[PDB]
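This report refers to the structure that appears directly beneath it.
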Amino acid sequence: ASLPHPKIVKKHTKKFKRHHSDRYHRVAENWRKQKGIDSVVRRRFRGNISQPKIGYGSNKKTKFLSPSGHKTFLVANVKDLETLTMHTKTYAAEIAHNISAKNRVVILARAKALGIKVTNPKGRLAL
Amino acid sequence: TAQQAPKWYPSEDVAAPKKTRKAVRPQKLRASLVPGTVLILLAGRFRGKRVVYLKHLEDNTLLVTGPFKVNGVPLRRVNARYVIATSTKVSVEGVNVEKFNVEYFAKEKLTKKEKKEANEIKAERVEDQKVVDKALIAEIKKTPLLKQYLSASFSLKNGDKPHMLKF
Amino acid sequence: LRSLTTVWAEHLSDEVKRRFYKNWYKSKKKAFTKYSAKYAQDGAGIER
Amino acid sequence: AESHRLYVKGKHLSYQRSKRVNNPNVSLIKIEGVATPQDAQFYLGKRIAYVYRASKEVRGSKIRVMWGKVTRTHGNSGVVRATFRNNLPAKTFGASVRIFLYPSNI
Amino acid sequence: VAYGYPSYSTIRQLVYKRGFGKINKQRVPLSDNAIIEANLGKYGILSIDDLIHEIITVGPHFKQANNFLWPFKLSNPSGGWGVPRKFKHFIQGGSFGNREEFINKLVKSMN
Amino acid sequence: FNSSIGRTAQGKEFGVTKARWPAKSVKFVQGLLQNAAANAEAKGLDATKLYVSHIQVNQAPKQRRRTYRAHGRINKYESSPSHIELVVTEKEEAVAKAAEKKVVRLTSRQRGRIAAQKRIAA
Amino acid sequence: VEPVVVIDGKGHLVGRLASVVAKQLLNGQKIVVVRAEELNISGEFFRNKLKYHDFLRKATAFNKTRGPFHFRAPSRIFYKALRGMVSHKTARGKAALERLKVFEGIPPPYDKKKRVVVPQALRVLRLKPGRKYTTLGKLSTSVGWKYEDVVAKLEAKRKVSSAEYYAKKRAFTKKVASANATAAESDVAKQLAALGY
RNA sequence: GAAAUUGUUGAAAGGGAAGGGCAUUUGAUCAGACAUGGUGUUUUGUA
RNA sequence: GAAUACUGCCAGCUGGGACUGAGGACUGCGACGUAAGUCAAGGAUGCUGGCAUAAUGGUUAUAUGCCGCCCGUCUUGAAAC
RNA sequence: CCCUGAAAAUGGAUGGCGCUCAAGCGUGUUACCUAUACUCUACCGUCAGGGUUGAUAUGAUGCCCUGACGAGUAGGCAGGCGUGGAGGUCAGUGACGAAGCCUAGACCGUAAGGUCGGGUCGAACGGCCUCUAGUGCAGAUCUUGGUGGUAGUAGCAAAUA
RNA sequence: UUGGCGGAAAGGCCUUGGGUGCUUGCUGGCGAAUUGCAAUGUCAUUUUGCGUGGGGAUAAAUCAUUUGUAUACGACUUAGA
Ligand SMILES: [Mg+2]
Ligand SMILES: [Mg+2]
Ligand SMILES: [Mg+2]
Ligand SMILES: [Mg+2]
Ligand SMILES: [Mg+2]
Ligand SMILES: [Mg+2]
Ligand SMILES: [Mg+2]
Ligand SMILES: [Mg+2]
Ligand SMILES: [Mg+2]
Ligand SMILES: [Mg+2]
Ligand SMILES: [Mg+2]
Ligand SMILES: [Mg+2]
Ligand SMILES: [Mg+2]
Ligand SMILES: [Mg+2]
Ligand SMILES: [Mg+2]
Ligand SMILES: [Mg+2]
Ligand SMILES: [Mg+2]
Ligand SMILES: [Mg+2]
Ligand SMILES: [Mg+2]
Ligand SMILES: [Mg+2]
Ligand SMILES: [Mg+2]
Ligand SMILES: [Mg+2]
Ligand SMILES: [Mg+2]
Ligand SMILES: [Mg+2]
Ligand SMILES: [Mg+2]
Ligand SMILES: [Mg+2]
Ligand SMILES: [Mg+2]
Ligand SMILES: [Mg+2]
Ligand SMILES: [Mg+2]
Ligand SMILES: [Mg+2]
Ligand SMILES: [Mg+2]
Ligand SMILES: [Mg+2]
């Protein structure tokens with residue numbers, strides 16, 4: 001149902017993990033660059049982790065595309081959803097986490113009427 | 001609001017493709033494949049069965065008969081890339097293969113709603129095979145041991161080298 | 001060198017078979033009983 | 001017939017490799033009865049199936065197949081390079097593999 | 001560098017396969033006689049063969065013709081360099097030097 | 001927790017060489033076993049097929065005192081109390097069987113193979 | 001090409017044979033080697049004896065029980081010469097070594113199976129005439145192998161019994177040759193001769 | 001009511017470390033695509 | 001009096017294998033034909049089959065092949081005893 | 001070429017194995033293996049040179065065409081991610097559950113990070129344009145607080161019982 | 001089913017008689033299809049459990065006590081219906 005697009009290519013699926021995040025607990029996994037003088041990671045020795053850099057940039061025609069083929073958009077109320085009336089083929093709505101269950105019902109009902117795809121049509125559903 | 005807005009939206013209109021310049025022309029099939037040669041099936045249900053080649057069909061395929069009376073391979077369609085053309089030649093003049101075409105074989109795929117696990121043949125396919133092969137076997141019966149040769153199944157042994165083998 | 005077979009005597013004294021038990025006092029003392037049954041025929045299982 | 005084999009036997013030797021670096025995307029295959037590249041030149045383009053057995057049931061069988069083709073010869077002894085849809089698990093070094101006769105050329 | 005005297009065939013292969021002009025400080029493939037017309041029409045050059053003729057026969061406008069061509073980007077030889085070791089003179093069985101007329105064999109491999 | 005302790009022949013039952021007789025722990029444990037059994041009796045359990053289904057021990061807050069070392073230095077001297085909890089349960093017979101039906105999807109060529117095999121056989 | 005391969009070690013070179021064998025193990029071919037006491041080593045006997053003695057001296061200083069073990073059996077000497085030829089510290093190597101069995105003399109059932117030789121590792125086809133060579137069995141006893149006499153005894157028994165097998169085999173094949181000779185000069189044979197059989 | 005640290009339960013591996021990088025096997029686990037408009041009324045609530 | 005070897009040229013013909021299909025109404029350069037028009041001419045199309053489900057794929061654990069020294073710092077030089 | 005000349009301390013190193021018309025030495029001819037190198041293609045970014053006000057529809061700091069290039073400590077510059085608080089806006093979210101916390105569950109970005117599902121939770125919080133700073137931690141024998149291995153270990157032995 | 005040989009890891013080899021299915025040594029008759037143009041198209045062995053109905057036999061070790069040819073504790077050596 002989405003707009004046709006070329007094949008999705010990422011060139012790197014593995015998340016870039018901070019060096020020694022697996023060794024010391026206080027070293028969080030969020031990527032920081034190693035600024036050490038004799039750090040093998042900074043010197044790019046063979047057999048070590050690969051640093052993030054611009055060469056891994058994804059295709060512009062593919063950037064920000066969900067595997068379904070849409071661009072994710074965050075919606076908070078009914079009025080917000082109407083901004084996607086004419087852009088169903090490119091954008092998909094997604095209810096914010098802080099939306100009440102009752103307000104989620106009216107959001108999903110409106111989206112179905114207008115054919116707007118919803119990425120998470122299961123949040124806070126009582127069944 | 002949660003996410004403010006995108007200032008520009010991509011166009012919803014789909015664009016037409018460019019004028020492709022890839023025309024279609026028939027194959028230049030290998031000279032070893034001659035109507036009336038004996039072939040070997042390298043794949044499928046009837047793999048390894050020595051068979052006879054009849055006609056080059058329009059959808060890049062070869063019309064093939066067993067004969068069905070000898071070994072049990074009926075009138076069937078194959079692809080030239082999965083068979084081996086032997087040096088044995090069968091004179092196939094005097095048989096009407098022009099009746100057979102790409103539309104002569106259809107599958108009539110069933111609807112996905114109807115799914116069967118318990119489980120037939122067309123009468124015309126039976127008689128078409130019966131007419132053709134009985135005309136052929138009048139010719140196979142000339143060369144000695146070839147009738148048994150078609151009934152046999154091809155198989156590699158120890159020591160054989162296909163790069164040095166002859167067919 | 002490897003041992004291939006062992007041939008025992010038909011009867012064993014009480015003291016010798018006590019070597020085969022770590023607790024002789026609470027035991028059925030069934031040492032070589034079925035091996036004794038290998039005897040009572042002339043030479044079938046032994047002379048062979 | 002007592003023999004139903006329609007493929008030639010092969011042994012997966014190793015990945016493409018230097019002393020210290022190997023490339024799993026390319027595999028080296030030894031074909032029985034081939035000792036020179038000229039003979040191996042006939043075997044290019046053929047299909048290669050690796051047949052292994054698995055405990056869990058998938059889709060009607062215990063047998064799962066790795067499909068691949070040869071690409072070019074290798075060395076002066078008739079070894080050839082082969083690539084697969086998914087690279088061989090590197091545990092199959094020396095495992096027997098099947099090389100078929102299609103797409104045929106004769 | 002390894003250098004020698006090229007043949008008519010070798011220069012023909014180079015310009016046809018790897019022929020690039022320096023148009024407005026850009027490396028534009030030739031691929032058509034019109035490009036040569038626009039940039040080399042002043043010096044009587046109209047076709048790609050005109051460029052070849054000015055090259056093999058060193059003409060009055062060889063400097064402009066040669067400088068117009070972008071430097072050739074060649075691959076490693078297909079059959080190899082033919083010698084175990086390169087960086088000694090060709091007379092020593094090496095690679096560099098003035099291999100006077102054997103360069104035709106090399107450049108064809110190089111292209 | 002058995003580093004640098006002695007050995008005993010009574011550990012052969014458990015295939016181990018290091019065993020002890022912690023009377024203080026044993027007294028507390030069996031105290032809870034009596035309490036649990038009494039609770040089981042109140043709930044109306046048969047008191048004959050019960051087994052210790054769950055039991056765990058985890059650390060409790062320390063109780064610190066002071067010890068006196070050489071050269072007028074002070075070191076910690078505390079206890080290691082425990083929270084002990086256990087659940088008894090009646091032993092049951094075989095639980096259940098008849099797991100999922102294991103639905104299967106067959107290819108068209110697999111379908112023909114079974115049909116041919118069933119046709120040539122009975 | 002074969003389930004297992006039985007190599008007759010007599011007249012071979014320990015180094016050249018090992019390289020041939022080692023590659024076969026890495027390729028997945030099961031190998032068993034018999035009569036390891038007739039492997040030959042290029043060089044004179046005293047030359048190789050000194051080499052082994054120099055190998056003896058190398059041991060762990062502080063504990064000789066964990067140093068390089070100096071095996072003395074002819075098969076084991078070959079095994080060490082082969083073990084260093086394979087990356088034995090990897091799981092691939094360990095599986096590779098597991099496919100190999102080195103034997104002294106010709107043991108049971110492998111005695112009833114056909115043995116093969118490696119032409120490129122044979123002494124006669126590799127050594128220039130006039131060069132001196134050694135016999136592994138002689139060397140092994142000079143450095144501590146104890147069982148030279150028993151293997152010589154058993155191989156004497158094995159060779160004797162094998163003689164009647166061939167004597168029966170040769171006599172039977174003579175009948176086959178006579179029958180085939182009579183069966184020739186027939187129509188059936190003529191096509192085989194015509195078709196090359 | 002987080003982390004260091006610990007207990008129980010469950011899964012997995014373990015021949016003088018463990019941890020990591022590339023690729024894949026195996027196991028476990030996970031999303032989407034499968035209505036499209038349409039021929040069309042073999043139709044019910046007749047549009 | 002020829003042949004053949006070696007070297008070089010062909011805007012000579014042809015078989016086999018591998019990877020890539022980027023771009024997206026037309027425009028340009030061409031070629032084939034008297035023309036219509038066609039074409040391998042400024043980037044792939046056509047026919048057919050299976051599945052539509054964890055099948056492909058992602059994540060994670062493990063195994064295998066190969067590689068992989070502990071970080072920060074001073075220093076010409078750090079894994080540093 | 002080889003041998004004598006040629007003696008040092010843990011056991012030992014043409015890298016190891018091993019290698020005698022060699023797997024050694026001198027020389028020649030090919031074939032073959034492979035680097036983040038060279039040739040070609042795709043994509044990312046940067047730089048440079050160009051086209052495009054015309055109505056309609058968005059972004060003229062927008063879109064598009066072509067070529068070349070991409071290592072890097074100390075250092076310089078630019079574009080961005082995030083935190084506390086301030087002005088403005090979304091008549092934003094929220095007791096039908098905000099914030100916070102856990103999650104080998106999912107999505108997006110090369111990344112800083114952003115979003116959702118699921119469990120606990122009970123009272124406030126966010127998106128965008130700007131303003132402002134006591135704004136981002138692994139190290140400093142850092143400060144305070146808490147917790148480990150060592151480890152049920154050293155040990156609890158002067159003063160007769 | 002008859003007997004012989006084989007102890008290096010024998011665990012196999014040879015042999016008697018009869019019965020049995022097949023035999024493409026040679027000549028005949030029928031079936032094959034639809035798995036639809038290929039998708040290993042599944043045919044081997046490794047172990048264990050649970051059921052059958054058919055044979056077969058009804059132990060020991062450790063703790064505890066004891067000994068001292070032993071000993072830090074373990075361990076060893078003893079003894080006890
Ligand atoms: Mg950490
Ligand atoms: Mg440095
Ligand atoms: Mg090459
Ligand atoms: Mg070189
Ligand atoms: Mg200890
Ligand atoms: Mg102590
Ligand atoms: Mg004190
Ligand atoms: Mg004091
Ligand atoms: Mg509380
Ligand atoms: Mg914790
Ligand atoms: Mg240990
Ligand atoms: Mg020539
Ligand atoms: Mg999966
Ligand atoms: Mg996959
Ligand atoms: Mg996986
Ligand atoms: Mg891991
Ligand atoms: Mg390493
Ligand atoms: Mg210094
Ligand atoms: Mg040091
Ligand atoms: Mg000297
Ligand atoms: Mg070497
Ligand atoms: Mg040489
Ligand atoms: Mg490469
Ligand atoms: Mg966690
Ligand atoms: Mg909440
Ligand atoms: Mg309150
Ligand atoms: Mg500060
Ligand atoms: Mg800190
Ligand atoms: Mg720091
Ligand atoms: Mg500190
Ligand atoms: Mg103590
Ligand atoms: Mg004291």
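Letters for chains follow the order of the structure tokens (A, B, ...), residue numbers begin at 1 for each chain, and ligand numbers begin at 1 in the order shown.
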Please identify which residues in segment 12-146 of chain G DSSP calls strand (DSSP E) from the backbone, and express them as a PyMOL selection string.
chain G and resi 30-34+40-42+100-102+133-135
Only N, CA, C and O atoms, please: the residues just picked out, written as an mmCIF file, in the first residue's frame.
data_model
loop_
_atom_site.group_PDB
_atom_site.id
_atom_site.type_symbol
_atom_site.label_atom_id
_atom_site.label_comp_id
_atom_site.auth_asym_id
_atom_site.auth_seq_id
_atom_site.Cartn_x
_atom_site.Cartn_y
_atom_site.Cartn_z
ATOM 1 N N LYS G 30 39.601 -40.566 5.698
ATOM 2 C CA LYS G 30 40.080 -41.379 6.807
ATOM 3 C C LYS G 30 41.304 -42.177 6.377
ATOM 4 O O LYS G 30 41.305 -42.808 5.318
ATOM 5 N N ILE G 31 42.343 -42.155 7.209
ATOM 6 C CA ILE G 31 43.626 -42.763 6.887
ATOM 7 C C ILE G 31 44.044 -43.675 8.030
ATOM 8 O O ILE G 31 43.903 -43.319 9.204
ATOM 9 N N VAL G 32 44.550 -44.855 7.683
ATOM 10 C CA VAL G 32 45.196 -45.744 8.641
ATOM 11 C C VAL G 32 46.511 -46.212 8.035
ATOM 12 O O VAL G 32 46.563 -46.587 6.860
ATOM 13 N N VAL G 33 47.581 -46.159 8.824
ATOM 14 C CA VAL G 33 48.927 -46.482 8.365
ATOM 15 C C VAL G 33 49.405 -47.717 9.108
ATOM 16 O O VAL G 33 49.312 -47.783 10.341
ATOM 17 N N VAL G 34 49.923 -48.692 8.365
ATOM 18 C CA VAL G 34 50.407 -49.935 8.945
ATOM 19 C C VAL G 34 51.890 -50.078 8.641
ATOM 20 O O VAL G 34 52.432 -49.436 7.738
ATOM 21 N N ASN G 40 61.395 -45.211 6.233
ATOM 22 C CA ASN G 40 62.797 -44.892 6.025
ATOM 23 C C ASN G 40 63.018 -43.396 6.175
ATOM 24 O O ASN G 40 62.154 -42.591 5.818
ATOM 25 N N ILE G 41 64.176 -43.030 6.717
ATOM 26 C CA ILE G 41 64.568 -41.638 6.885
ATOM 27 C C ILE G 41 65.856 -41.417 6.109
ATOM 28 O O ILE G 41 66.810 -42.188 6.253
ATOM 29 N N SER G 42 65.880 -40.372 5.287
ATOM 30 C CA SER G 42 67.093 -40.036 4.559
ATOM 31 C C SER G 42 68.209 -39.680 5.530
ATOM 32 O O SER G 42 67.991 -38.992 6.530
ATOM 33 N N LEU G 100 42.903 -40.411 11.936
ATOM 34 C CA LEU G 100 44.138 -41.108 11.614
ATOM 35 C C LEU G 100 44.438 -42.169 12.660
ATOM 36 O O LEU G 100 44.243 -41.944 13.858
ATOM 37 N N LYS G 101 44.911 -43.327 12.203
ATOM 38 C CA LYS G 101 45.369 -44.397 13.081
ATOM 39 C C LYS G 101 46.684 -44.937 12.543
ATOM 40 O O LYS G 101 46.732 -45.453 11.424
ATOM 41 N N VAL G 102 47.743 -44.828 13.338
ATOM 42 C CA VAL G 102 49.069 -45.299 12.960
ATOM 43 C C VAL G 102 49.325 -46.609 13.689
ATOM 44 O O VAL G 102 49.045 -46.721 14.888
ATOM 45 N N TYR G 133 70.273 -44.439 4.070
ATOM 46 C CA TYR G 133 68.977 -44.231 4.695
ATOM 47 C C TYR G 133 68.882 -45.125 5.920
ATOM 48 O O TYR G 133 69.686 -46.038 6.113
ATOM 49 N N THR G 134 67.886 -44.854 6.753
ATOM 50 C CA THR G 134 67.691 -45.581 7.994
ATOM 51 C C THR G 134 66.371 -46.334 7.964
ATOM 52 O O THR G 134 65.520 -46.111 7.099
ATOM 53 N N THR G 135 66.215 -47.234 8.924
ATOM 54 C CA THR G 135 64.963 -47.932 9.159
ATOM 55 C C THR G 135 64.431 -47.518 10.522
ATOM 56 O O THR G 135 65.157 -47.583 11.520
#
Using only C-alpha atoms (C1' of nucleotides) and all ligand atoms, what are the residues with an atom within 8 Å of ligand 32, set out as a PDB file with C-alpha atoms (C1' of nucleotides), in the first residue's frame?
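Wrote selection_13.pdb, looks like this:
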ATOM      1  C1'   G J 155      42.048 -16.362  63.839  1.00  0.00           C
ATOM      2  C1'   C J 156      39.185 -16.203  69.313  1.00  0.00           C
ATOM      3  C1'   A J 157      46.537 -20.116  72.461  1.00  0.00           C
TER       4        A J 157
END
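The two atoms in question, atom CA of residue 68 of chain A and atom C1' of residue 32 of chain H, are spaced 5.5 Å apart.
For segment 2-7 of chain H, the non-local neighbours within 12 Å, defined as residues at least 6 positions apart in the same chain or in other chains and counting only C-alpha atoms (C1' of nucleotides), are residues 24, 25 and 26 of chain A; 54, 55, 56, 57, 58, 59, 60, 82, 83, 84 and 85 of chain F; 100, 101, 102, 146, 147, 148 and 149 of chain J.
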Serialized selection, C-alpha atoms (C1' of nucleotides), as a PDB file, in the first residue's frame:
ATOM      1  CA  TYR A  24      33.253  -2.427  33.028  1.00  0.00           C
ATOM      2  CA  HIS A  25      29.657  -1.850  34.069  1.00  0.00           C
ATOM      3  CA  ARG A  26      30.194   1.887  34.582  1.00  0.00           C
TER       4      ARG A  26
ATOM      5  CA  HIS F  54      10.741 -23.817  47.009  1.00  0.00           C
ATOM      6  CA  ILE F  55      13.366 -22.547  49.440  1.00  0.00           C
ATOM      7  CA  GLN F  56      15.796 -19.647  49.345  1.00  0.00           C
ATOM      8  CA  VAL F  57      18.155 -17.742  51.625  1.00  0.00           C
ATOM      9  CA  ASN F  58      19.251 -14.174  50.955  1.00  0.00           C
ATOM     10  CA  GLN F  59      21.281 -11.717  52.972  1.00  0.00           C
ATOM     11  CA  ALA F  60      19.819  -9.540  55.730  1.00  0.00           C
ATOM     12  CA  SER F  82      19.534 -14.225  56.869  1.00  0.00           C
ATOM     13  CA  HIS F  83      16.013 -14.051  55.491  1.00  0.00           C
ATOM     14  CA  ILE F  84      14.767 -17.626  55.109  1.00  0.00           C
ATOM     15  CA  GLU F  85      11.562 -18.575  53.311  1.00  0.00           C
TER      16      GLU F  85
ATOM     17  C1'   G J 100      10.679   7.858  37.164  1.00  0.00           C
ATOM     18  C1'   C J 101      12.453   2.660  37.046  1.00  0.00           C
ATOM     19  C1'   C J 102      13.160  -2.639  34.483  1.00  0.00           C
ATOM     20  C1'   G J 146      27.111   1.921  49.638  1.00  0.00           C
ATOM     21  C1'   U J 147      28.921  -3.260  48.201  1.00  0.00           C
ATOM     22  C1'   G J 148      32.350  -7.361  46.862  1.00  0.00           C
ATOM     23  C1'   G J 149      36.588 -11.312  46.157  1.00  0.00           C
TER      24        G J 149
END
Would you list the contacts of residue 18 of chain I as an MDAnalysis selection string, taking every protein, DNA or RNA residue within 12 Å and counting only C-alpha atoms (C1' of nucleotides), but skipping same-chain residues closer than 4 positions in sequence?
chainID D and resid 44:46 69:73 81:83
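Closest approach to chain E among I:61, I:3, I:9, I:44 is made by I:9 (distances from only C-alpha atoms (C1' of nucleotides)).
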